[PDB]
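Asker: Starting off with a structure, shown below.
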Amino acid sequence: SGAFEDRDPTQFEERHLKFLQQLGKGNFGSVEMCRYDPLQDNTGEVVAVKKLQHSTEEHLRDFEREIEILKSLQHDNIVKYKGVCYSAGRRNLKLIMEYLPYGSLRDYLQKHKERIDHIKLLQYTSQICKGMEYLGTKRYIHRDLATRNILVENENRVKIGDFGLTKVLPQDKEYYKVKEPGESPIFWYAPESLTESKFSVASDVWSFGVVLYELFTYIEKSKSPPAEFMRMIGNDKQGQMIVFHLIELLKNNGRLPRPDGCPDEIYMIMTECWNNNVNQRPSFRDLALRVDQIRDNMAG
Ligand SMILES: COc1ccc(-c2cccc3nc(Nc4ccc(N5CCN(C)CC5)cc4)nn23)cc1
């Protein structure tokens with residue numbers, strides 16, 4: 001046979017990666033749960049594995065950028081990069097990550113409400129802010145914050161995922177304009193993202209406000225951002241008319257309503273994130289401190 005030397009534990013061997021479960025599909029990718037069992041004894045770490053539907057030059061370039069981004073991040077509230085697998089005899093690329101048992105925050109909130117109180121919601125809020133502070137130190141703009149894109153390790157820890165839209169700000173620039181085809185999560189977008197395709201830390205703060213709103217609605221059927229905005233706009237509107245009305249609504253101070261049972265001071269945080277004036281939105285550091293002070297002021 002042959003000798004073996006492993007000095008790159010970020011390279012996962014295809015033959016040792018065994019399928020456990022399908023986890024989901026996005027626009028251009030899918031994710032599976034696998035076991036990595038190099039000792040072939042039916043044991044090994046469980047991992048999440050992302051693969052591209054169609055490895056076009058463009059899709060692959062974007063996927064490699066996503067991998068580089070995730071690899072560059074090391075923080076308790078960001079999904080952990082583990083490595084890559086060069087499958088199909090090294091003619092396909094897969095991204096290996098830690099597996100988070102409770103899936104998306106959006107699904108967790110919907111299915112495990114017996115386990116969730118306002119204290120928990122504020123803990124998740126704080127962790128999301130801290131993850132976002134960390135992204136800011138690398139000049140990364142996420143562009144797709146939403147509860148469906150946050151993952152849940154356990155009762156006490158959530159992690160930001162979904163870095164396939166992330167942009168890197170050059171040192172002398174404060175926004176990134178991105179002209180892209182296809183669909184946008186318009187009900188999470190800042191007005192300047194809708195009108196000018198401009199993205200920035202401040203546009204992530206806007207979307208964070210929508211995330212906070214989502215948390216305090218407990219993902220109740222008719223209370224979602226798309227459901228509430230469509231109610232306001234007119235439920236029968238279709239196509240570009242939805243966008244025209246959403247922009248006009250937001251520009252003149254139309255906003256998502258205070259969720260039932262949501263404390264006025266939590267709604268105030270949302271409203272401050274949803275400032276048309278980009279420079280007046282709070283920073284993620286401001287938000288983390290405020291939320292942790294709210295948490296700490298409780299009797300226990
Ligand atoms: C768009 O789909 C995905 C799917 C998985 C991931 C991902 C990335 C990196 C790590 C990671 N851990 C989990 N865990 C997970 C656990 C349970 C579920 N369920 C969804 C399907 N349900 C019917 C069962 C639970 C989904 C994901 N998902 N996940 C990201 C996007």
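By order in the structure tokens, chains are A, B, ...; within a chain, residues start at 1; ligands start at 1, following the order shown.
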Can you tell me, as a list in words, what residues are no more than 8 Å from residue A:53 when counting only C-alpha atoms, ignoring any on the same chain fewer than 4 positions away?
Answerer: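 The neighbour list is residues 28, 29 and 30 of chain A.
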Asker: Just want the 12 Å neighbourhood of residue A:8, counted on only C-alpha atoms, with same-chain residues fewer than 4 positions away dropped. Output as number ranges by chain.
Answerer: A: 4, 12-13, 82-85
Asker: Restricting the output to N, CA and C atoms, write the selected residues as a PDB file, in the first residue's frame.
Answerer:
ATOM      1  N   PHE A   4       1.233   7.749   4.639  1.00  0.00           N
ATOM      2  CA  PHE A   4       0.258   8.839   4.733  1.00  0.00           C
ATOM      3  C   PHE A   4       0.721   9.891   5.732  1.00  0.00           C
ATOM      4  N   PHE A  12     -11.087  17.518   3.708  1.00  0.00           N
ATOM      5  CA  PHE A  12     -11.904  16.362   4.054  1.00  0.00           C
ATOM      6  C   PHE A  12     -11.945  15.404   2.868  1.00  0.00           C
ATOM      7  N   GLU A  13     -11.677  14.125   3.128  1.00  0.00           N
ATOM      8  CA  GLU A  13     -11.659  13.096   2.094  1.00  0.00           C
ATOM      9  C   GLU A  13     -13.065  12.613   1.760  1.00  0.00           C
ATOM     10  N   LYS A  82     -15.088  24.496   8.812  1.00  0.00           N
ATOM     11  CA  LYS A  82     -14.229  23.352   9.138  1.00  0.00           C
ATOM     12  C   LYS A  82     -13.251  23.015   8.011  1.00  0.00           C
ATOM     13  N   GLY A  83     -13.689  23.156   6.764  1.00  0.00           N
ATOM     14  CA  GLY A  83     -12.806  22.875   5.637  1.00  0.00           C
ATOM     15  C   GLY A  83     -13.525  22.706   4.322  1.00  0.00           C
ATOM     16  N   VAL A  84     -12.848  22.061   3.378  1.00  0.00           N
ATOM     17  CA  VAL A  84     -13.441  21.745   2.086  1.00  0.00           C
ATOM     18  C   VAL A  84     -13.245  20.273   1.718  1.00  0.00           C
ATOM     19  N   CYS A  85     -14.104  19.796   0.827  1.00  0.00           N
ATOM     20  CA  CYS A  85     -13.984  18.466   0.248  1.00  0.00           C
ATOM     21  C   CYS A  85     -13.988  18.622  -1.265  1.00  0.00           C
TER      22      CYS A  85
END
Asker: I'd like the contact shell of residue A:174 - 12 Å cut-off, only C-alpha atoms, skipping same-chain residues fewer than 5 positions apart - returned as a CSV table (one decimal) with C-alpha atoms, in the first residue's frame.
Answerer:
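What follows is the written file selection_23.csv:
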chain,number,residue,atom,x,y,z
A,136,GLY,CA,-17.5,45.1,10.8
A,139,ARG,CA,-15.3,45.5,6.7
A,140,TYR,CA,-17.8,42.8,5.6
A,141,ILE,CA,-21.3,43.7,4.7
A,167,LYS,CA,-19.3,42.1,0.2
A,168,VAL,CA,-16.0,43.5,1.4
A,169,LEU,CA,-15.6,47.3,1.7
A,198,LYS,CA,-26.4,50.7,-2.0
A,199,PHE,CA,-25.2,48.4,0.9
A,200,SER,CA,-23.3,49.3,4.0
A,201,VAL,CA,-23.0,48.6,7.7
A,202,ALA,CA,-25.9,51.0,8.1
A,203,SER,CA,-28.1,48.9,5.7
A,278,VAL,CA,-28.3,56.4,7.1
A,279,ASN,CA,-25.8,58.3,9.3
Asker: Throw together the list of residues within 10 Å of ligand 1, counting only C-alpha atoms and all ligand atoms, and drop it here as a PyMOL selection string.
Answerer: chain A and resi 21-33+46-50+78-81+95-105+107-108+148-153+159-163
Asker: Based on the backbone DSSP call, show me all residues of stretch 13-256 of chain A assigned strand (DSSP E or B), as a PyMOL selection string.
Answerer: chain A and resi 17-25+29-36+45-52+78+81-85+94-98+104+140-141+150-154+157-160+167-168+176-177+198-199
Asker: Going by DSSP on the backbone, which bits of stretch 44-86 of chain A are alpha helix (DSSP H)? Write them as a PyMOL selection string, please.
Answerer: chain A and resi 57-72
Asker: Which one of A:212, A:39, A:165, A:233 sits closest to residue A:254 if you count only C-alpha atoms?
Answerer: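 Of all the options, A:233 lies closest to residue A:254.
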Asker: Hey, which of A:230, A:145, A:178, A:158 ends up closest to residue A:125? Count only C-alpha atoms.
Answerer: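 For residue A:125, the nearest of the given residues is A:158.
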